[PDB]
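Have a look below at one chain only, the form deposited in one PDB entry, in structure tokens format.
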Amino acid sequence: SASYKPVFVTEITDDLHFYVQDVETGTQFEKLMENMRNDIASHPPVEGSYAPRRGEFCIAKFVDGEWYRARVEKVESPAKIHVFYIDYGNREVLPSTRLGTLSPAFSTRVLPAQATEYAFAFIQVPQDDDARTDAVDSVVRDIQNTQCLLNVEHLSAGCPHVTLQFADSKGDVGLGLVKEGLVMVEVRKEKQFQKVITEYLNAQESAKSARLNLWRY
């Protein structure tokens, strides 16, 4: 199975998942953000016209001083509201003074949340916090906030598992983590994955021999 879609990778999570945007809708997103930000500058949220509730959409003012679409998760207190940036995938805890009403002109009905969560096919996320940080750091350095090609491999209990390809035919991103000894291979049993799993296990044997990262000792 091979249908590669150009995506813009926006966020690598600490659990080695990632969020991507469909390159196709990138310009609509760009237009919406400029429109929305203009509005916000003319009509700044007044306190407290917005009351944060878990599940509720909003605008949130990010650390660059700019406003983005978001959705409220945990409300700890008015000083500590957990939000999820729906078009990008990152999360943040902010005070209610950095939140506002998401006006219907810029709603999810006008343009759907632009970020989709995925995981890497064929690999195991390291359980040790230190090892996992090393893997996340490699992915952040190499693909975060860049364009990639994505191929959906299969469904899973959580988000779908996919392979990513670097731009400029540099290859399979997850496989690269294996070759570097940063992650172990998940040995899939399905027939159509037999050849790719063989490729991954060979890379993993190479990392083991070279005693890289996870295989240091």
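Start at 1 with the first residue shown and count on from there.
Just so it is clear, the following notes concern the form deposited with a partner chain bound, a form of the same protein that is not shown.
Decide whether residue 90 counts as a contact residue for its partner chain in the entry with it bound under a heavy atom distance cut-off of 4.5 Å.
Yes.
Answer for residue 127 alone: is it within 4.5 Å of its partner chain in the entry with it bound, judged on heavy atom distances?
Judged by the heavy-atom cut-off of 4.5 Å, residue 127 is well away from its partner chain in the entry with it bound.
Using 4.5 Å between non-hydrogen atoms, is residue 64 touching its partner chain in the entry with it bound?
Output for residue 64 is yes: heavy atoms within 4.5 Å of its partner chain.
Answer for residue 77 alone: is it within 4.5 Å of its partner chain in the entry with it bound, judged on heavy atom distances?
No, no contact at 4.5 Å.
Residues in which of 176 to 184, 163 to 171, 43 to 51, 56 to 64 have heavy atoms within 4.5 Å of its partner chain in the entry with it bound?
Checking each option against the 4.5 Å cut-off leaves 56 to 64.
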